[PDB]
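Two versions of one and the same chain are coming, encoded as structure tokens; call them structure 1 and structure 2.
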Structure 1
């Protein structure tokens, strides 16, 4: 129940980078997933490759003790994996080591205790097969939603860090399929597409906050989770994206203020795929990707460095609820 404000600010920081990268593409990612893969990796990281990472996740190293950050993730993950019987929510962490590779014992015991991480051994010499293992781990974990996480695995790969998050919830107030008509969606000034629009006339936790120049809708799921939607006013999207902070979200989440309204929410099936190296570099995480990296906390056998940082996420929204999955793939190789 904390370190949360840092995760929230991390979500917005990364979002602004992905948005700057492209303003004409859908965006879907999971902060918790990206954040824990990197947090877990900082465990076997030293000096400044270490600080860049943790500060890159929006942590003030002089205000919160390093041990407490990891205790925060440990508790965060434990809570996420104990949801109300009505909500489905799971996460998993996995270390994929190559045969031999003598790992520092402290690193292994830390990822095990602080991140509840699993650990496997594999021969990266047989690329197609090792790639097969990692991908099945993620596939089984995300219940089939993500099946092709790793498309390319390096032959000299010494170790891989992988995690996944799976979510499935039912709306507290479902929509009626028979009410789903097809309506217009204005992508922009020149393009308009037709999509299945869900409709419901009723009581909603909705309101028009002039601080964000947009309507804000909150839709609870059965259990411990909520979906928040922000509809910016004409020409105000950029304003909304820059005015979002953790404090603001916190405010909406405390009041159940309801009211009558006619709502039109489209069904969705979007996917996000990313190579986070440059976007993360823009957030101050660059050393762990270069020869100036220090992963001597992971192993002493060889001088390792991060080769890839891949993220994938999929979303599905219909009249029953939402279904989502995200995954992270971190590959390390010798300098």
Structure 2
């Protein structure tokens, strides 16, 4: 995809942002879900307010036509929402606008038609009930997985954006539960803690990278995704975080080589929850959240600003998803001593849609608890 390099660059910006804020908590977010929400939003905006958003998503508006961007996001939305896709991604972007406002039809159309997004009317005069309508939405669309997403609305809120994403993948090549057991996870280098730790010996797209100073593992999910894990050498977390590029990731996905390895990989559920007004602000998207906002593509006559924008991402990794799949491969593993590669200290990861090379998720597990 044309916009893929822009999203990769955006993923990286947002990550480095969040990694600098705090090195102690697990990062998890969807670049592609945040980027798409805000691209959609840009359709309601004009002038500087508009230009800030697409620049803040890493587009050079002096180099790439706006249509090419919007074409880019839609071809993406059509790869992750298709019928016979077995990703079991569940994602949503809900727009909550004050009832009382005169909304502008073409926004609501395009949003709904083009960006498969949902827009709703709410009485922001009742602030608790507004949170509760918002949360009920997320809750139903995630069939109970994300509860109480919004905790606080500002006094004068007349517009809220909520963007959610939940992923539980099935591995093309699965782990045996029977082999899952408690094991150490090094949080410090004198400090350890027990987690459940999947294990398999078999043939993996795994290799050590000199320049990144990290082991690099690629595992494919049923449907159209591939997960990449980075295990930094001792002392090289920050170096790895510094040195990651779209070019290096593309390198790795092209390679299909496989070698024998005993793989130890943690079974986890992780979330990250982010105030996007705060986070995207530090990336240069401020006007849309401010009284200066130009949202006249959304409502023509009243002032409008986005008072609230929240992203939640949830990931479950385990041995494997469904109960069956009518299928069984046989790998050929050499009878030689395999490298034992344990994801038993902090590591970085990305999930990539295979068709587009776009960065579905990116994250860092510091502590599986």
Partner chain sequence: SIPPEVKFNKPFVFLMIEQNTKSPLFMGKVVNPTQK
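Numbering follows the first chain given and starts at 1. C-alpha atoms forming the largest set that superposes within 1.5 Å between two forms make up the rigid core.
* Just flag whichever of structures 1 and 2 is the form solved without its partner chain. => Pick structure 2; the other is not the form solved without its partner chain.
* Using a core superposition, identify the member of 83, 196, 232, 174 whose Cα displacement between structures 1 and 2 reaches 2 Å or more. => Meeting the 2 Å or more criterion is only 83.
* C-alpha of residue 325: shift of 2 angstroms or more between structures 1 and 2, rigid core aligned? -> Indeed, residue 325 is displaced by 2 Å or more.
* Asked: Superposing on the rigid core, does the Cα of residue 256 end up 2 Å or more away between structures 1 and 2?
  -> For residue 256, whose C-alpha is compared between structures 1 and 2 after core superposition, the shift is less than 2 Å.
* Shift of residue 183 between structures 1 and 2 at or above 2 Å (CA, core fit) -> Result for residue 183: no, shift under 2 Å.
* **Rigid core fit between structures 1 and 2: Cα deviation of residue 122 in angstrom** => Looking at the C-alpha of residue 122 between structures 1 and 2, the offset is 4.9 Å.
* To do: Would you look up how far the C-alpha of residue 150 moves between structures 1 and 2 when the rigid core is overlaid, in angstrom?
  => Core-aligned C-alpha shift comes out at 3.6 Å.
* Asked: With both forms put on the same core, how far apart in Å are the CA positions of residue 67 between structures 1 and 2?
  -> Once the two forms are fitted on their core, the shift reads 1.2 Å.
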